[PDB]
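Listed below are the residues making up each chain.
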Amino acid sequence: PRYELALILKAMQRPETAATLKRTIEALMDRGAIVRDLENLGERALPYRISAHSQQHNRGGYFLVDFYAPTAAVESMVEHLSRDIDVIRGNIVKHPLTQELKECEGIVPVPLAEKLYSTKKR
Amino acid sequence: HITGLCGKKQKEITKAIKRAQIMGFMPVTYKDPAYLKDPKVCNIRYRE
Amino acid sequence: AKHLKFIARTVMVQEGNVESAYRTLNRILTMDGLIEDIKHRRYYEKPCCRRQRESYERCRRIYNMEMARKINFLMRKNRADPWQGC
Amino acid sequence: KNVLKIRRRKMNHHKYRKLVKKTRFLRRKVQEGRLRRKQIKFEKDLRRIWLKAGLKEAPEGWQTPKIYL
Amino acid sequence: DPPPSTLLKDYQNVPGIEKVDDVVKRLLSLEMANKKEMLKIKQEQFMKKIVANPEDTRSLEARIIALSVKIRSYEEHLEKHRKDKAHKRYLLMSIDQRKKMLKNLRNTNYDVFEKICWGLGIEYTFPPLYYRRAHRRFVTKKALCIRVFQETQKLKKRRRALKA
Amino acid sequence: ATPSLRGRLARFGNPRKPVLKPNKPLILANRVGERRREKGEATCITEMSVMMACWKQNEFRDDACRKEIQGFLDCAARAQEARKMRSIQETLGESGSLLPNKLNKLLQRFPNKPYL
Amino acid sequence: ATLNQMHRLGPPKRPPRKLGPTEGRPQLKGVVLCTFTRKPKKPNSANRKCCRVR
RNA sequence: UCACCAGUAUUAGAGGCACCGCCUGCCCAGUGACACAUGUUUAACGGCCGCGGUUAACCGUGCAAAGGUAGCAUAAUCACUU
RNA sequence: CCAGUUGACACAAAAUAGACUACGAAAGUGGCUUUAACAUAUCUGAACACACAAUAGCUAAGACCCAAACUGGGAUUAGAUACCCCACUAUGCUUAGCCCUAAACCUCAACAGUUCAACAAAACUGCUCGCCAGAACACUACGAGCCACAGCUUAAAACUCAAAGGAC
Ligand SMILES: [Mg+2]
Ligand SMILES: [Mg+2]
Ligand SMILES: [Mg+2]
Ligand SMILES: [Mg+2]
Ligand SMILES: [Mg+2]
Ligand SMILES: [Mg+2]
Ligand SMILES: [Mg+2]
Ligand SMILES: [Mg+2]
Ligand SMILES: [Mg+2]
Ligand SMILES: [Mg+2]
Ligand SMILES: [Mg+2]
Ligand SMILES: [Mg+2]
Ligand SMILES: [Zn+2]
């Protein structure tokens, strides 16, 4: 199956980020995967002052490393990411485009109550 | 009730919101200030 | 703690009319859904009592919505004696 | 409906609990005596089986341990 | 238990992947597949080995093979994390259904039943008659009864041999 | 918008759970909720506070804290007038909600028909 | 209920009854031992006699 | 840095009881030990009550620490005691 | 060494969506990622059996923000051993073993199909497992069985009754 790495790093210079990306890609390939794509939202502001062992930072990127890792390896990869020091956090979620959307067509007209009480004059 | 989405669509939207909040792609206790340019999507009762 | 300090829940005030900003903040908190949460967190809500509270709230909300719909639908008839025949 | 049957049941249960609390050591002694009598009856039944099963003197090499510690 | 290098079932019919980039051929493999793919491959292998009418999925042989594969999967699951007792209940129900299907097949056909038993390997053992639920007392009573039976048999043999 | 409510009651066909256990039958009654009234609030707080501050600064003479006592008395008179105006409007015009008698008569003109 | 349950259980039974005098003795021959007295329950009130017969 | 020690709080020294099972109920007025900012310690030394009533509960009460709780019973248990 | 901003910051769970019926045989389960997956394209079928199973209580394994039975006191009534408050032992928990209870009640059994005594959820047609046909005695004694020893499953017998019981 397909997967995607939600790598979130800080503004820790260019060569350090490149080395961390290379390490992550090497680990993913050693685990039995194939690099699909490499994207990033740029070292922009963070949603909140977050720590990453153990300083506070407000500027970090959101690198996206797509891959095709096996089935029984997601937990191991998450543990490896948590073990890393330079990596803030990030849960490895399966590829989003792989989930075949169930063709829905807006809301349907919900009918009124279909009999809920007896018929008695009371 | 106010937003007006379907079951599956609203479920997916809230799941994505929660994933972004946990992983770190969206502020939890407030809205992302770097992306405020958004038309009146929902009927914001407050502030009229 | 780990979130930005002064950004949210910052209802500005002006014209020396704090009552307006107070009502605005109250409306914001009520529409957000936390005043009742804090009021119930004042003490421990038992799971049984918590489920009963949620069920009663849902029932009252459905009833209020139905009544509001009926009112919006039947508010037309409010004249007096249009026919006067009897 | 009214809670009369269940209230009476709870009252009877409370009475039984008070009974057990006031007296329990004599009940334990009676239980020990009952266990001893059961063991004696089992031994007598085994002896009767040995006697009526053709052979006698009980098979050799067999052991009849006592159950209930 | 197919090797970890064979192709899948639905992907083997189409020749698009047989001659394509190596990345796609490596991705569409058992080593990179899921559990359902391995189960389907095992079912197809068993059908081609034992069942003389492949791709049936209607008769009793295919259903029995599917039930056996499901029981194997439930066993592999219960291997780790044994506390999941709902899966144990599902496994027991599947074993009961497989026993019922085997009984039906034997009642309908005996040669085919023996062939399927020799192929799959699931031995046909008769079920226990009554479930009296033996206890320590009854267990020791039965043991003593068997011992006394052996002893009296030996005694009767000796008595018979007494006459020269 | 009216939310869903099919799989919420304990009915025959319904194979789900009764997440909504209404203590009373859901039958739109011919009456409406009554609007609250009266509440021990004791108005006049700012004038009371400023009068207390003035009396603390001075003693208890009426000629000293006249500037504050006049405003306090004016606010008390205004509170009495507002109470009278509210008591009068309770029968003339009700703020917020409408007169329950109007909806009562409206429902009497076209009451419910649940029993067919 | 179903017919299988009624067949496995079977028809009902007619158990016997027994008053004080076992072996069915409507007219017994007892010996007097005492001639004490006894009162009725709450509603009824009296001081009727009660003898201890064997 | 002669043992206690070439050991380290799960380690050693000074004591009460008697494995295992049900339990160890109350009291620092007094003595001892804790400067524990005036209190702790009873598995420390020691103690767990009296007068009149429809063969007794519950009333009127006096004093302190409680006023013997559970349990066992003519005891290796003051004559009563054979 | 207490009340209010900031800095290294909880072995318990996720708020608005929860104004959704979603998944399980039942209890039950909703902030995200995963290892596996929910038998039956004929149905019912064991409380002589197999799997178990809210919480509750126990033996160790650490303690927690909070609470924590009994406990100490404060105002309290002739009396409070309760209704208001402060702290706490086992405990609400997992890491290792259990016992096997419930208002486990949605007190409406499973399968395919159709248009009333009163409260309630209007009636049922064909088939199937279990249970009952008086109340206290009787979530009991006696049996039997259980890692459970003041426990648990089935479970009565004599006496009293003119009754017990559900709905309006
Ligand atoms: Mg009721
Ligand atoms: Mg379990
Ligand atoms: Mg003592
Ligand atoms: Mg003596
Ligand atoms: Mg936890
Ligand atoms: Mg259960
Ligand atoms: Mg606390
Ligand atoms: Mg208490
Ligand atoms: Mg604790
Ligand atoms: Mg339940
Ligand atoms: Mg059946
Ligand atoms: Mg049954
Ligand atoms: Zn939707």
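**Focus: the packing of helix 3 (residues 35-49) of chain E against helix 4 (residues 60-79) of chain E**
Residues and elements named next belong to chain E.
Phase 1 of the analysis: Interaxial distance between helix 3 and helix 4 falls to 10 Å at its minimum, and their mutual angle equals 140°. In terms of their interaxial angle, helix 3 and helix 4 are classed as oblique. As for the relative orientation of helix 3 and helix 4, their crossing is right-handed in sense. Residues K35, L39, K42, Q43, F46 and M47 of helix 3 pack against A62, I65, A66, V69, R72, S73 and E76 of helix 4.
Phase 2 of the analysis: Its residues placed into classes, the contact of helix 3 with helix 4 shows seven nonpolar, two polar and four charged.

**Regarding unusual backbone geometry**
Phase 1 of the analysis: Cis geometry marks the peptide bond from A:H53 to A:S54; its omega dihedral reads 0°.
Phase 2 of the analysis: Positionally, A:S54 belongs in the loop between strand 3 (44-51) and strand 4 (56-60).
Phase 3 of the analysis: A positive phi angle, close to 55°, is found at B:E48, a residue other than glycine.
Phase 4 of the analysis: Following the sequence through the fold, B:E48 ends up in the segment after helix 1 (7-23).
Phase 5 of the analysis: We classify B:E48 as exposed; its relative accessible area is 61%.
Phase 6 of the analysis: Even without being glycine, C:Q84 reaches a positive phi, approximately 65°.
Phase 7 of the analysis: Along the chain, the position of C:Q84 falls in the segment after helix 3 (47-74).
Phase 8 of the analysis: Owing to a relative accessible area of 58%, C:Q84 belongs among the exposed residues under this scheme.

**Overview of the sheet that holds strand 2 (residues 38-40) of chain A**
As a general point, the strands of a sheet are linked pairwise by backbone hydrogen bonds and lie either parallel or antiparallel.
Residues and elements named next belong to chain A.
Phase 1 of the analysis: Spatial ordering of the open sheet is given by 2-5-1-6, a layout of four strands whose pairing is antiparallel. Taken across any chain shown, the strands that pair with only one partner, and hence form the sheet edges, are strand 2 and strand 6 (93-94).
Phase 2 of the analysis: Relative to strand 6, strand 1 (residues 3-6) runs antiparallel, the two being bridged by two bridges. Counted as the bridge partner of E4 is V93 from strand 6.

**Details of the arrangement of the chains**
Phase 1 of the analysis: In this assembly, eight pairs of chains are in contact, and the pair with the greatest number of contacts comprises chains A and B.
Phase 2 of the analysis: Regarding chain B and chain E, the two do not touch, and the least distance separating their C-alpha atoms is 25 Å.
Phase 3 of the analysis: Note that chain D does not reach chain F: the shortest distance linking a C-alpha of one to a C-alpha of the other is 15 Å.

**Details of the UniProt feature "short sequence motif: Cx9C motif 1" in chain F**
Phase 1 of the analysis: Under the present numbering, the feature "short sequence motif: Cx9C motif 1" in UniProt falls on residues 44-54 of chain F.
Phase 2 of the analysis: Helix makes up 82% of residues 44-54 of chain F and strand 0%, with an end-to-end C-alpha separation of 16 Å.

**Some words on the packing of helix 5 (residues 85-108) of chain E against helix 6 (residues 111-120) of chain E**
Residue and element names in this part refer to chain E.
Phase 1 of the analysis: Relative orientation of the contacting elements helix 5 and helix 6 amounts to 140°, with a least axis distance of 7 Å. Here helix 5 is positioned oblique relative to helix 6, judged by the angle of their axes. Mapping the contact onto sequence places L102, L105 and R106 in helix 5 and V112, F113 and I116 in helix 6.

**So, the interface of chain B and chain A**
Phase 1 of the analysis: On the chain A side, the residues contacting the 14 residues of chain B number 13 residues.
Phase 2 of the analysis: In total, about 1,200 Å² of surface goes out of reach between chain B and chain A, with carbon and sulfur atoms giving 65% of it.
Phase 3 of the analysis: Of all residues in chain B, the largest losses of buried area upon contact with chain A belong to B:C6, B:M23 and B:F25, amounting jointly to 41% of the total for that side.
Phase 4 of the analysis: On the surface where chain B and chain A come into contact, there are zero salt bridges.
Phase 5 of the analysis: Where chain B touches chain A, the interface holds two residue pairs in polar contact.
Phase 6 of the analysis: Its residues assigned to classes, the side of chain B that touches chain A comprises nine nonpolar, two polar and three charged.

**Points about the nonpolar core**
Phase 1 of the analysis: Counting 17 residues, the largest nonpolar core has A:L5, A:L7, A:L9, A:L21, A:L28, A:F67 and A:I92 as its most contacted members.
Phase 2 of the analysis: Of all hydrophobic cores here, the second largest spans ten residues; its members include E:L60, E:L67, E:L102 and E:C117.

**Some details on the protein's contact with RNA strand I**
Phase 1 of the analysis: Close to RNA strand I lie 87 residues, the nearest being D:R9, D:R17, D:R34, E:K85 and F:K17.
Phase 2 of the analysis: Among the atoms of RNA strand I lying within 4 Å of the protein, the sugar-phosphate backbone contributes 66%.
Phase 3 of the analysis: The separation between a phosphate oxygen of RNA strand I and a polar side-chain atom of D:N12 is 2.7 Å.
Phase 4 of the analysis: Of the residues in the surface near RNA strand I, the class split is 27 nonpolar, 19 polar and 41 charged.

**So, the packing of aromatic side chains**
Note on aromatic pairs: each is described by the distance of the centres and the angle between the planes.
Residues and elements named next belong to chain E.
Phase 1 of the analysis: A complete count under the given rule lists four aromatic pairs over all chains for this structure.
Phase 2 of the analysis: Ring centres of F113 and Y124 lie 5.3 Å apart, and the angle between their planes is 85°; on these two criteria the pair is classed as edge-to-face. Of this pair, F113 sits in helix 6 while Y124 sits in the loop between helix 6 and helix 7 (136-162), placing them eleven residues apart in sequence.
Phase 3 of the analysis: Between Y124 and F126 the ring centres are 5.2 Å apart and the planes differ by 55°, which places this aromatic pair in the tilted class.

**Comments concerning the UniProt feature "disulfide bond" in chain F**
Residue and element names in this part refer to chain F.
Phase 1 of the analysis: Of the disulfides listed in UniProt, the one joining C44 and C75 is not reproduced in the coordinates: its sulfurs are separated by 4.0 Å, not less than 2.5 Å.
Phase 2 of the analysis: As for its position among the elements, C44 is in the segment before helix 1 (46-57).
Phase 3 of the analysis: Examined against the element boundaries, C75 turns out to sit in helix 2 (residues 66-89).
Phase 4 of the analysis: Look at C54 and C65: UniProt has them disulfide-bonded, and their sulfurs are 2.0 Å apart, which fits a closed bridge. With a gap of eleven residues between them, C54 in helix 1 and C65 in the loop between helix 1 and helix 2 connect regions that are remote in the sequence. We note that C54, like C65, is buried.

Reading the values: the criteria
- Residues numbered from 1 in each chain as written, not as in the entry; some residues may be left out.
- Chains lettered and ligands numbered in written order.
- Part of a larger assembly, values for the part shown.
- Heavy atoms only, no water.
- Residues with missing side-chain atoms left out of burial classes, pairs and counts.
- Axes fitted to C-alpha atoms, helices over the stretch in contact; angles between N-to-C directions.
- Helix = DSSP H or I, 4+ residues; strand = E, 2+ residues; numbered from the N terminus.
- Parallel < 35°, antiparallel > 145°, perpendicular 65-115°, else oblique.
- Left-handed = near helix turned anticlockwise from the far one by under 90°.
- Contact = heavy atoms within 4.5 Å.
- Nonpolar A, V, L, I, M, F, W, Y, C, P; charged D, E, K, R; others polar.
- Buried < 20%, exposed > 50% of the residue type's maximum accessible area, 1.4 Å probe, protein only.
- Pairing = 2+ DSSP bridges.
- UniProt positions renumbered as here; feature names shortened; annotations may be inferred.
- Buried area = accessible area lost by both parts, 1.4 Å probe.
- Salt bridge = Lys/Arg side-chain N within 4 Å of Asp/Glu carboxyl O.
- Polar contact = N/O pair within 3.5 Å; in protein donor to acceptor, adjacent residues only side chain to side chain.
- Core = buried A, V, L, I, M, F, W, Y, C linked by side-chain atoms within 4.5 Å.
- Near = heavy atom within 4 Å.
- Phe/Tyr/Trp six-rings, centres within 6.5 Å; stacked < 30°, edge-to-face > 60°.
- Disulfide = S-S within 2.5 Å.

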